[PDB]
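Comments concern the structure below.
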Amino acid sequence: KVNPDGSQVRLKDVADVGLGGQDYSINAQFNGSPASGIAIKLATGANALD
Amino acid sequence: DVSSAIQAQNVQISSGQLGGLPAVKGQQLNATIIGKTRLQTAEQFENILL
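Line by line, the protein sequences are chains C and B. For the first sequence, the deposited numbering begins at 252 and goes up steadily by one. For the second sequence, the deposited numbering begins at 202 and goes up steadily by one.
Rendered as structure tokens:
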């Protein structure tokens with residue numbers, strides 16, 4: 252906004268604007284060190300091994 | 202006017218979460234906050250300021 256006299260307000264000084272994460276709730280790690288993984292399911296139809 | 206009134210006065214308060222992720226070191230208590238649902242009674246309706 253642009254309250255009466257001087258200039259205008261940008262977003263930076265109303266808030267922090269960082270490239271964060273869509274959803275922080277689910278987190279995972281492998282052995283110790285942090286990781287991220289995708290856990291696949293097998294479509295009703297197809298062959299496990301293949 | 203009445204339509205608009207009811208639309209602003211018979212809504213669900215969306216409600217967030219106390220200690221939502223990401224949270225600051227400590228947090229400890231993570232609990233959902235429930236707001237108000239909606240009017241139920243015929244009275245609740247007869248109310249609502251116009």
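The beta-carbon is built from N, C-alpha and C at its ideal position, and this holds for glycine as well.
Straight-line gap, residue i to residue j (C-alpha atoms, nearest Å)
i               : j                   : result
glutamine 241/B : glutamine 208/B     : 14 Å
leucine 222/B   : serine 276/C        : 6 Å
residue 197/C   : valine 265/C        : Here chain C covers residues 252 to 301 and nothing more, so residue 197/C does not appear.
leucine 250/B   : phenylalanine 281/C : 58 Å
Listed by chain order, chain B residues near residue i by CB distance under 9 Å
i            : result
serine 276/C : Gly221 and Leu222
Supposed close pair residue i, residue j - CB separation, criterion 8 Å
i               : j               : result
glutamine 213/B : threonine 238/B : 6 Å
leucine 262/C   : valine 268/C    : 6 Å
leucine 293/C   : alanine 299/C   : 6 Å
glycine 217/B   : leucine 230/B   : Not confirmed; about 14 Å, so no contact.
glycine 288/C   : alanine 279/C   : 6 Å
Proximal residues to residue i (C-beta, below 6 Å), its chain only, five neighbours per side dropped
i                : result
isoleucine 235/B : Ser216
Cβ-based neighbour list, residue i, same chain, cut-off 8 Å, excluding 5 preceding and 5 following
i            : result
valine 203/B : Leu251
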